[PDB]
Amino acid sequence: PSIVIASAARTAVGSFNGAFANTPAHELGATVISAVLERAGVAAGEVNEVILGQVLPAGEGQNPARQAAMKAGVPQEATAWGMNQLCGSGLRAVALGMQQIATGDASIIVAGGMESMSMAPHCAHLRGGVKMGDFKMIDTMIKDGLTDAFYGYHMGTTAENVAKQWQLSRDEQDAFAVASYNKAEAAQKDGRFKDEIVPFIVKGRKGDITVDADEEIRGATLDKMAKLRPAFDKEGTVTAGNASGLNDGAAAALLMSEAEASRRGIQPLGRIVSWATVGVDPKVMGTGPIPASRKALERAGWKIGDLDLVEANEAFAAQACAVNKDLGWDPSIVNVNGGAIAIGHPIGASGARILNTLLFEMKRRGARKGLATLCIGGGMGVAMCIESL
């Protein structure tokens, strides 16, 4: 059997404490589920399962994936579950949903990711009780999302390790970040994000607000970016400018077999050809996409030169430069409409966000072979190959 992506959608990527500062992740995920259903011409009553990746679900309630599926209109007879592979959760959920149809355990799968880093709470274990002295309230976003569990420092410190081993100057990282900002603003002004973005209605107290544009896409200049101070190492190279930010958003895609889409008269966005996930040293988790993309290309029977478009998530300017320089693919086909440095980085949703960007750009310019990949905290990477029609 062969599994195709019939439709795809994503919300606008909101800034930290921005438009989605008080919107739970399951409400964002409910909109993308309803969107991919209307775009594919498939009713909610036909969905078998909903697989949504999410990294920071504390305080949101019992299984936010079920909450997003029910709110979207999926009937109670269907099932839904959440998964956590950190930054690759959004893309892995699509591969997992593809495996559901491959084994014959499902027919129609809605897979993607959702993350609301603004809604992440502060926690502390208090069952034993603090009889004396002070104690710390731990930020779940920093602890459970952005801190390496083995070495104790932020993910930005891992990018510093990649910067030293690959010898990437501060100017090369800033130049890469300004290039990502300019491609993202050019794509937004030309309306190349309108096809993938579904508008989200933020029910506020003083009237409702329609969010349909990524609010992190600003105008970056090389001089103001070079004046920023390093955010992690006191004498490092990774700053707030050349590193992705904290963001909210959701993205998903509707999966079915190629024979199913042909029977329904659906023109799919692409066929999932292969996928792969490999682990690396946690010290340099940014190098994850390098062996993961090679394994996916090997499973598909493709060479690196056969790729027409590439979406590599830009967690940091340092890790992105190293991935492009090791794999050696043409950078003019990698992130043609910008990356996470300018658009945003919702952890659980980034895997499906770049897949949304990849799918519509392949259809818009007639590409035949595409690949999406991300780096994962703890030393992992994930990649997937898509073929047109």
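Position 1 is the first residue in the sequence shown; the rest follow in order.
Judged by mean Cα B factor in the deposited record, 212-220 ranks above the other of 212-220 and 133-141. Averaged over their C-alpha atoms, the temperature factors of 228-236 and 148-156 are higher for 228-236. Across 312, 202, 296, 272, the greatest Cα temperature factor reported in the deposited entry is at 202. Across 105, 260, 248, 77, the greatest Cα temperature factor reported in the deposited entry is at 260.
Residue 321 sits in the highest third of its chain by CA B factor, as recorded in the PDB entry. Sorting the modelled residues of the chain by their CA temperature factor places residue 368 in the highest third. For residue 66, the recorded CA temperature factor ranks within the lowest third of the chain's modelled residues. When the CA B factors of the chain's modelled residues are split into thirds, the value for residue 176 lands in the lowest one. When all modelled residues of the chain are sorted by CA temperature factor, residue 11 is found within the lowest third.
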